[PDB]
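Chemist: Build me a model:
(4 chains)
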There are 4 protein chains.
Amino acid sequence: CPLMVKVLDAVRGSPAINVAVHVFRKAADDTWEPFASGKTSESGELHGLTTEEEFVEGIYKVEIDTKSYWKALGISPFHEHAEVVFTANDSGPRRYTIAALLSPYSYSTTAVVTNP
Amino acid sequence: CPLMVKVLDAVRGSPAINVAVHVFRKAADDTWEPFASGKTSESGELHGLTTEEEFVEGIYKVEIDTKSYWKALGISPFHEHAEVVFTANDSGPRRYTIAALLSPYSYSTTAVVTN
Amino acid sequence: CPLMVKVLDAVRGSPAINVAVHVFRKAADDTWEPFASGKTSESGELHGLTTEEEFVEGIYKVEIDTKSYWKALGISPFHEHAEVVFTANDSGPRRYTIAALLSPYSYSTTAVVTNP
Amino acid sequence: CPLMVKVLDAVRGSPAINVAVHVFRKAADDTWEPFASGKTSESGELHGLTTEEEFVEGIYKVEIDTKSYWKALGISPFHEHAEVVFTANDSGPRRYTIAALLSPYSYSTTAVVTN
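Modeler: Numbering: from 1, shown residues only, chains lettered A, B, ... in the order given. Structure data below:
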């Protein structure tokens, strides 16, 4: 709902399936406190991580375990993960799609942020 | 060196070596006239394409033969090639680095335009 | 349906709306013959370009008028367009999503190719 | 120069200059220990981070302060920063170029690992 993570495999041209995603939120405090996690579906998407009420302002870290993904496909990738760190909901609730496009030695991440 | 092409391989994390690159200039009748070409070097770079005097304003196309590159590495590519089409100024040169980051199903191209 | 083009604006984190897209297919012949065109919707997506029956094997060119997009937002971008050229349906009908992520001096394009 | 950081600005088509970059090494207790830092140069590059002797195998994090960069250009950025986390070998060095292409709502990072 307010947070969705979508992962693509740039080598296959496919969704990156079964990609583990961990979302953390920066506490008071400055530590990363576990916020949510999940795997991408066969569409490469991970929905349902959170809700409007739970997904409050914060600095969030979305950690995408790209390494396991590549390693399950036989590839020794460069990165340990793709992590995306951002301030969310700074000027009100938004919907965040966190897109990652994965290659063994490269990724990109894109945030699509929309306003209900 | 007003125009330079740099090509990287996102799969191997390496320069993309021996990638054919063609550069075209749009002619008055809107056809692509060949202008220059080369193959990226060991460093994934292609210098010497043109010179300041020759590299006049116009619309140029850089075609990077990504498909043959992926073919040579045994990897099914999606694109026939990566084209970059751009107007060279206004206003003046300026050096252009056309950077391409290649994956089998994705590429990015970026223009680093300096001076 | 078998061809969809999705365009994102990496500067805003938004769909790239009202982006003109022209699809050509390479004729016999070697010329690019107009295949379909459209604009992206408010989701940055362009659906309905073609149909399974019309979208036969071919080399297709999807030309995304990124320049007009940027220029309507005040930006003199580097590229004239983003064009994506590919062989389609080489080993049978697939669904192609052609994604472009736009920045004034950079784009990426990603093909997500799936098999009904 | 075993580790080099190059940062490009996709909005301006330019090197991303004066971007702060921190490099951390994962310590035995899994904390990030600061290792090196610098600011990208006129050319969007940051050399001299480390040396062969110092740049042992391990897991390293390169944090690129993309937010301050975009802040300085008056452009709202999405990310707090671009982190690149990677294991430096096996098997051996190898030079690492960590290339980052920045846009306000997107970045890519690419490792060009040579020798």
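
Chemist: Wait, a helix at residue A:70?
Modeler: Yes. Per DSSP: H, G, I helix; E, B strand; the rest coil, residue A:70 lies within a helix segment.

Chemist: pretty sure it contacts residue A:82?
Modeler: No. Using CB atoms under 8 Å, residue A:70 makes no contact with residue A:82, being 10.9 Å away. The C-beta positions use only the backbone N, C-alpha and C, and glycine is treated the same way.

Chemist: Centre of the chain to the helix or strand harbouring residue A:101, how far?
Modeler: In this assignment (DSSP states H and E), residue A:101 forms part of strand A:95-103. Chain-centre distance of strand A:95-103: 6 Å, with CA atoms, centre = their mean, to the nearest Å.

Chemist: Over to stretch A:50-61?
Modeler: With CA atoms, centre = their mean, you get 13 Å for stretch A:50-61.

Chemist: Pick out whichever of residue A:70 and residue A:82 has more residues nearby.
Modeler: Neighbour totals were compared for residue A:70 and residue A:82, and residue A:82 leads with 29 against 22 (other CB atoms under 10 Å in any protein chain shown).

Chemist: Isn't that one up against residue A:68?
Modeler: No. Between residue A:82 and residue A:68 there is no contact under CB under 8 Å: 11.6 Å.

Chemist: hang on, the earlier thing: touching chain C at all, the next helix or strand after the strand holding residue A:101?
Modeler: Downstream of strand A:95-103, the next assigned helix or strand under DSSP H and E is strand A:106-114. Yes. For strand A:106-114 and chain C, the contact criterion (CB under 8 Å from any CB of the partner chain) is met by A:108, A:110-114.

Chemist: next one: strand A:106-114 to chain centre, how far?
Modeler: That offset, for strand A:106-114, works out to 9 Å (CA atoms, centre = their mean).

Chemist: And stretch A:41-52, by the same measure?
Modeler: Stretch A:41-52 sits 9 Å away from the centroid of its parent chain (CA atoms, centre = their mean).

Chemist: wait, residue A:88 sits on residue A:58?
Modeler: Yes. If you go by CB under 8 Å, residue A:88 and residue A:58 touch, sitting 5.9 Å apart.

Chemist: So these two - more neighbours on which side?
Modeler: Set side by side, residue A:88 and residue A:58 show more neighbours around residue A:88, with 20 against 17, by other CB under 10 Å.

Chemist: tell me the contacts of that one?
Modeler: A:3, A:55, A:57-60, A:94, A:96 (CB atoms under 8 Å, 6 or more residues apart in numbering or on different chains).

Chemist: Could you turn the buried ones of those residues into a ChimeraX selection?
Modeler: In ChimeraX syntax, the buried subset of the contacts of residue A:88 is picked out as below (16 or more other CB atoms under 10 Å in any protein chain shown):
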select /A:3,55,58,59,60,94,96
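
Chemist: which of the contacts of residue A:88 sit farthest apart?
Modeler: Spatially, the most separated pair among the contacts of residue A:88 is A:59 and A:94, at 14.4 Å (CB to CB).

Chemist: ok, now how distant is the residue located most distally from the centre of chain A from chain B?
Modeler: Most distant from the centre of chain A: residue A:29, at 22.8 Å, with distances by CA atoms, centre = their mean. Going from residue A:29 to chain B by CB to the nearest CB, to the nearest Å gives 37 Å.
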